[PDB]
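Peer 1: pasting an experimental structure with its sequence.
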Amino acid sequence: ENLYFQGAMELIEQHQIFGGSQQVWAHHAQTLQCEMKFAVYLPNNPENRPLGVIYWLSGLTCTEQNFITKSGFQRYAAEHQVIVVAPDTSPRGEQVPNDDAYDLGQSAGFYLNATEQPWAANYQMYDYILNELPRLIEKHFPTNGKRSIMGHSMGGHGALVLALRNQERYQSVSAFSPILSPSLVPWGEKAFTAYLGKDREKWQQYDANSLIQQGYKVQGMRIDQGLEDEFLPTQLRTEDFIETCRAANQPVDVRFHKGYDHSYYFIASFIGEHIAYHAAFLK
């Protein structure tokens, strides 16, 4: 039982990798009324120079572990000297409601603020990611006050929604395999119905496609999508989002990759390009 505490944070894991430190910490999340774990990678930085932060949001069924173990990202975060934070994907705990389906409940928070019981008590992932967690990160780690955001699938949805809604908060945004029009596909119809209710007007503030239709813009975005991704035709429908962006005059860099699927094997293949993309905005 080797413990380490830094204020509200408890250190759960620490591992050296590519010269830096991959950490996992736990803390009490006031916004979620539960204990949460998050990962942070700190590039070698003996002088505590302020560094920019990239938040990586993970998708359905993931914890903080999937990205930090499978993406291979640390090599690139070290190269670019950027801090990378990988939060969890839902509240957690035996006191937190769940559903056995992979697309609802734990590991399926959809980066929104739920209003319907019993989800409202803990499912405030939008507030947690936007406000609470960054405040903790900035308190304890050597940051330069700038941040960018990216993610995969439900996490790409989250990244784009957060960037569109919060403007100056994020220097840049990108995504792998994002759910771009969640109101219009089964994953988002089901989760929204449960978490936000049957009034689809309430869904629009958590739907990147809709937000762009409403007039929200970002300076740019990069999206990478595999063409052998089984969810492309059913949940992701990137082409529809492109049409929305074009109609809105929202610039978009979108890359379709032959032969690549939805997995971390795809993410690993281009995560370095995303780290480089954001790093340029975080100096």
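Peer 2: Perfect, I can see it now. Residues are numbered from 1 along each chain as shown.

Peer 1: show me what the longest helix seen in the chain is packed against.
Peer 2: With secondary structure taken from DSSP state H, the chain has its longest helix at helix 264-279. In this structure, helix 264-279 makes packing contacts with strand 51-57, helix 65-70, helix 74-80, strand 143-152, strand 173-176, strand 222-226, strand 253-257, judged by 3 or more C-beta pairs under 8 Å, 6 or more residues apart in numbering; DSSP states H and E. The C-beta positions use only the backbone N, C-alpha and C, and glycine is treated the same way.

Peer 1: show me which residues of the next helix or strand after the shortest one are buried.
Peer 2: Once the chain leaves strand 173-176, the next helix or strand it forms, by DSSP states H and E, is helix 186-196. Using 16 or more other C-beta atoms under 10 Å as the burial criterion, the residues of helix 186-196 that qualify are 187-188, 190-192, 194-196.

Peer 1: tell me which of these is nearest to residue 260?
Peer 2: For those, the closest approach to residue 260 (C-beta to C-beta) belongs to residue 187, at 20.2 Å.

Peer 1: isn't the closest one up against residue 237?
Peer 2: No - because the distance of 11.2 Å does not satisfy C-beta atoms under 8 Å, residue 187 is recorded as not touching residue 237.

Peer 1: now residue 213, nearest residue through space, not along the chain?
Peer 2: Using C-beta to C-beta, 6 or more residues apart in numbering and skipping the chain neighbours, the partner closest in space to residue 213 is residue 244 (6.0 Å).

Peer 1: not counting the helix or strand the one you found falls within itself, show me its contacts.
Peer 2: Applying DSSP H and E as the criterion places residue 244 in helix 238-248. Applying C-beta atoms under 8 Å, 6 or more residues apart in numbering, the set of residues contacting helix 238-248 from outside is 178, 180-181, 184, 208-209, 212-213, 215, 217, 223, 225, 232, 250-252, 254, 256.
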